[PDB]
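Protein chains in written order, with the working numbering: chain A, 1 to 78; chain B, 79 to 128; chain C, 129 to 178; chain D, 179 to 253.
Even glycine gets a Cβ: it sits at the ideal position worked out from N, Cα and C.
Beneath this line is the structure, given in structure tokens, with notes to follow.
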Amino acid sequence: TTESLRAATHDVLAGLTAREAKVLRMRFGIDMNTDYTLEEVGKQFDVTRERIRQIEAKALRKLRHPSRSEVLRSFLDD
Amino acid sequence: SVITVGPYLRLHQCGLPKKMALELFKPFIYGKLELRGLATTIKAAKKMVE
Amino acid sequence: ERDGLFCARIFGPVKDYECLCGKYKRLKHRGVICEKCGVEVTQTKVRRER
Amino acid sequence: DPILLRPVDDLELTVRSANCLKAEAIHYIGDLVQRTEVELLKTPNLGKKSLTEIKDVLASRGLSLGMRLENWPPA
Ligand SMILES: [Zn+2]
């Protein structure tokens, strides 16, 4: 369940703009031993902090979007 | 399980309870439902098999 | 307890990558030994080996 | 239908078009489809292209514009 889940997640990540996907990966510790922050996204991408919050929001629109949601919907009952 | 007679049978055969085999051959069924896609994932699959 | 029979300092931690006091976690501190309790940050597994 | 009663963010709309929708008191998708195209074009910020891609996504998920309802709203 975890494996098929995670592969489906990455397959959703592939479809986005670059900064979107990479930010949303490292911001959550995905794909790494890291745990990087809004502030540190400031440090790496560019110091802008809360436009990253708005970008997170926009991506959550781009991806939640029930044409992609339904690979995730079985995991609602988790 | 208990056994009884299959008189009609042919040599190569074994009478078999459904439910017993259903349980024994589960992940095959799951692989084949992800294949057909009726259950897109295994939570759906398990819920269907239930 | 330390230097006992289940001396996790020697036989390993109890959980996946968690000291007894809870200091170091989630592979951030991979090969780290919690200096407070002297407990390595590794699986519970080696409680069967060591 | 089951798709009449959804909010439009399931379509994954855009910020300008979203401002156009919230600006014009258009709540339900049943309220969307009862509105007509020229009732949109005259409105603020809705010129050429909003109509273009909203036509695209409604062509995607099986509905169209300007349709007619009855017994609306059941709420
Ligand atoms: Zn500790």
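Between the Cα of residue i and the Cα atoms of the options, which residue gives the shortest distance?
i	options	result
residue 27 (chain A)	A:17, A:41, A:15, A:16	A:41
residue 68 (chain A)	A:33, A:37, A:9, A:38	A:9
residue 63 (chain A)	D:187, D:179, D:182	D:187
residue 223 (chain D)	D:196, D:180, D:184	D:196
residue 128 (chain B)	B:113, B:97, B:109	B:97
residue 107 (chain B)	B:84, B:124, B:93, B:86	B:124
residue 32 (chain A)	C:154, C:163, C:162	C:154
residue 211 (chain D)	D:182, D:189, D:220	D:182
residue 189 (chain D)	A:72, A:66, A:36	A:66
residue 252 (chain D)	D:208, D:198, D:202, D:204	D:208
residue 80 (chain B)	B:90, B:95, B:102	B:95
residue 201 (chain D)	D:249, D:221, D:227	D:221
residue 180 (chain D)	D:199, D:192, D:206	D:206
residue 192 (chain D)	A:46, A:1, A:55	A:55
Find the residues of chain D that neighbour residue i, judging by a C-beta separation of less than 9 Å, and give them in chain order.
i	result
residue 62 (chain A)	190
residue 65 (chain A)	187, 188, 189, 190
Strictly below 9 Å CB to CB, what residues from chain A border residue i?
i	result
residue 155 (chain C)	33
What in chain B is Cβ-close to residue i, meaning under 9 Å?
i	result
residue 4 (chain A)	112, 119, 120
residue 71 (chain A)	118, 119
residue 1 (chain A)	119, 120, 121
Bridge partners of residue i, per DSSP?
i	result
residue 161 (chain C)	C:168
residue 146 (chain C)	C:143, C:153
Identify, in the order they occur along the chain, each residue of the same chain with its Cβ nearer than 8 Å to the Cβ of residue i, setting aside the five sequence neighbours on each side.
i	result
residue 59 (chain A)	16, 20, 24
residue 126 (chain B)	111, 116, 117
residue 233 (chain D)	243
Which residues in the same chain have their Cβ closer than 6 Å to the Cβ of residue i, if we skip the five residues on either side of it in sequence?
i	result
residue 240 (chain D)	none
residue 165 (chain C)	147, 148, 149
residue 171 (chain C)	144
residue 29 (chain A)	35
residue 13 (chain A)	21
Just to check my reading of the structure: residue i and residue j have Cβ atoms closer than 8 Å, yes? What is that Cβ distance to the nearest angstrom?
i	j	result
residue 229 (chain D)	residue 218 (chain D)	7 Å
residue 140 (chain C)	residue 168 (chain C)	7 Å
residue 138 (chain C)	residue 178 (chain C)	7 Å
residue 204 (chain D)	residue 213 (chain D)	6 Å
residue 156 (chain C)	residue 35 (chain A)	7 Å
Within its chain, find whatever has a CB closer than 7 Å to the CB of residue i; leave out the 5 residues flanking it on each side and keep chain order.
i	result
residue 5 (chain A)	75
residue 39 (chain A)	49
residue 120 (chain B)	108
residue 136 (chain C)	142, 148, 167
residue 215 (chain D)	229, 243, 244
residue 235 (chain D)	189
Starting from residue i, find everything on chain B with Cβ-Cβ shorter than 7 Å and list it in chain order.
i	result
residue 74 (chain A)	118, 119, 121, 122
residue 77 (chain A)	121
Using a C-beta to C-beta distance shorter than 7 Å, which residues of chain A count as neighbours of residue i?
i	result
residue 187 (chain D)	61
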